[PDB]
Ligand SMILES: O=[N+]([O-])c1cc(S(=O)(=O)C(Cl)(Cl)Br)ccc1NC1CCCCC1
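Next up: a single chain in structure tokens, the form solved without the named molecule.
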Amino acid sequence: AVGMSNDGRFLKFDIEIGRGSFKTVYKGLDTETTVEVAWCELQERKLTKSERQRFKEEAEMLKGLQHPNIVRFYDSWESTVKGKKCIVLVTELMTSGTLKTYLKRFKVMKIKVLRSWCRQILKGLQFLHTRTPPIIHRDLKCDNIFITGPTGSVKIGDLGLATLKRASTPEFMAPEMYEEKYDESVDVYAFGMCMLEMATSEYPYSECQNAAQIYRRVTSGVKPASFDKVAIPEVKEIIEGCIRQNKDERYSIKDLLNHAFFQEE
């Protein structure tokens, strides 16, 4: 009832599911399955053809991803209502909110939950990293890790959005990223900051008053003050391994998965 795939696969409805960054999520339907989906539009966007092709190629690889800890990506394309331009992404419908919304709601997390969810995130990342070629997310944060609800597992999401960003408050990022340098280890750094935020229910570097201060500290290897508040020894140890200044000296994902913390539960 308003939009439809060029084939006829997915339909769009007028129900809003919420907002991200002027990116509005409509409710949708996959007729081929009778499964409800997320119908995503980025309100007003466009760019160049090499960049366009780059998105198109990478996007096509997303459609072939199937993993329990990754949000399923269905399809994408550009459109112009009147009027307004946008990119449309169709993804698995996640209704049960994010880590970010969870933390904002409760402001505390049990250790058993943190262990299980952090393992799931690592398994997601390792799946992406060991595609051919590797997929680096490069924009991991609490507000694009989604909770399922059935089984209350987590999935990494906004793969389409991340691809767009890669094709070309915003934030702190690993030190190398300030020099637009990255490999797999940028996702490890982001993991570490996600785990810190889960363990403390604080946004890292909240003591800093401007980006510049954060830049200075991050590139210096000066840790956020919230690091000092972590109460669980093994969690603190894991976070420290992940947010080391030199990307080459950080824990690998294999290192992390093999940590005793995750052998506990």
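Residue indices: 1-based, along the sequence shown.
What comes next is about the form deposited with the named molecule bound, which is not displayed.
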item	value
Single option in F191, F146, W117, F172 placed near the named molecule in the entry with it bound, where near means a heavy atom within 4.5 Å	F146
Contact residue in the entry with it bound, chosen from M195, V71, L140, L125 - any heavy atom within 4.5 Å of the named molecule	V71
Answer range among 91 to 99, 107 to 115, 182 to 190, 128 to 136 for contact with the named molecule, defined in the entry with it bound as heavy atoms within 4.5 Å	91 to 99
The named molecule contact in the entry with it bound: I214, any heavy atom under 4.5 Å	no
Contact flag, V25 vs the named molecule in the entry with it bound, heavy atom cut 4.5 Å	yes
The named molecule contact in the entry with it bound: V235, any heavy atom under 4.5 Å	no
is_contact(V230, the named molecule) in the entry with it bound, heavy atom dist at most 4.5 Å	no
Residues within stretch 4 to 32 having a non-hydrogen atom within 4.5 Å of the named molecule in the entry with it bound	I17, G18, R19, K23, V25
